[PDB]
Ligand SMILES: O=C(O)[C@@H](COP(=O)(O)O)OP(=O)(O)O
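Shown next as structure tokens: one chain only, the form deposited without the named molecule.
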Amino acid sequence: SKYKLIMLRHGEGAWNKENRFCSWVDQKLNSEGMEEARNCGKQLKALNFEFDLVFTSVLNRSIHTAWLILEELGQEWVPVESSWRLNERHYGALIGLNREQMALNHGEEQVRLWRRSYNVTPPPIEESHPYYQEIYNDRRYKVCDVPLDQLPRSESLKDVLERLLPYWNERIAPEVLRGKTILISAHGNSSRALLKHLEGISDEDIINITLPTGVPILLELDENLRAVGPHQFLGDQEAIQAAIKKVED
């Protein structure tokens, strides 16, 4: 491959262990998520990765993950750019609800579509939603590349791809072609969406792919910034399977 890139997702939190979606709620990493990020930095250091640029979302968990990684590398000086376009999927009205609640308010089949499918968009968060203000009153969203009301109120996996792709094409991709070594610190759905594009994964097959947290994902890209073969998980094979098991089902 002409070019190589690293992407990863931060360790997940308390809500995830109670099968709740954090989505755009700006939850901090727990100590576990902190060790996970440090563990990546160490692994990447062991591989002598030398980054020239980092891209993160605007959610602090992804920014902290990047910072802990650069510290483990002694690369704190490497520029970091952050974008709402790398944000986790917006789960809309479903934000904050556990499995049982979603199922009761919407129906088990609806909810499975909303988590599982590629193109079906959850119902939008409304202003009555207990996390509407906590998201849209945040100064972060007043200085994006689109006005604050142009920002989504919910998203399918497809919708993720569609707002991420322009950031990839306009901001990240040119850096890759310039020969820079890029780290992307992102989230479950943003990472999945990006891979879908880079590997030309089908709408059908993207649903089933799993992405372990706190594992460097290596992409080797060709002239056209397409993956040469599948993505590769970097590090010890037994920590990788543990991590894959954690994101199963």
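Note that the rigid core is defined as the largest set of C-alphas that superpose within 1.5 Å between two forms. One rule holds for the numbers: they count along the sequence shown, beginning at 1.
Quick note: we don't show the form solved in complex with the named molecule, though the next part is all about it.
Contact with the named molecule in the deposited complex, judged as any non-hydrogen atom within 4.5 angstroms, is confined among 130 to 138, 174 to 182, 84 to 92, 143 to 151 to 84 to 92. When contacts are judged by a 4.5 Å heavy atom cut-off, residue 189 counts as touching the named molecule in the deposited complex. Shown alone here, residue 22 lies within 4.5 Å of the named molecule in the deposited complex, counting heavy atoms only. The shortest heavy atom separation between residue 163 and the named molecule in the deposited complex exceeds 4.5 Å. Within 4.5 Å of any heavy atom of the named molecule in the deposited complex lies no heavy atom of residue 158. Along 93 to 131, a non-hydrogen atom within 4.5 Å of the named molecule in the deposited complex is carried by 99, 115, 116, in order along the sequence.
No residue of 111, 176, 135, 73 other than 111 has its CA displaced by 2 Å or more between the shown form and the other one when the core is superposed. Annotation: Cα of residue 160 displaced by less than 2 Å between the shown form and the other one, core superposition. Put the two forms on the same core and the Cα of residue 6 is off by less than 2 Å between the shown form and the other one. The two forms, fitted on the rigid core, differ between the shown form and the other one by less than 2 Å at the CA of residue 228.
Whereas the shown form places them at one spacing, the Cα atoms of residue 99 and residue 188 lie at least 3 Å closer in the deposited complex. Cα of residue 243 to Cα of residue 49: at least 3 Å longer in the deposited complex than in the shown structure.
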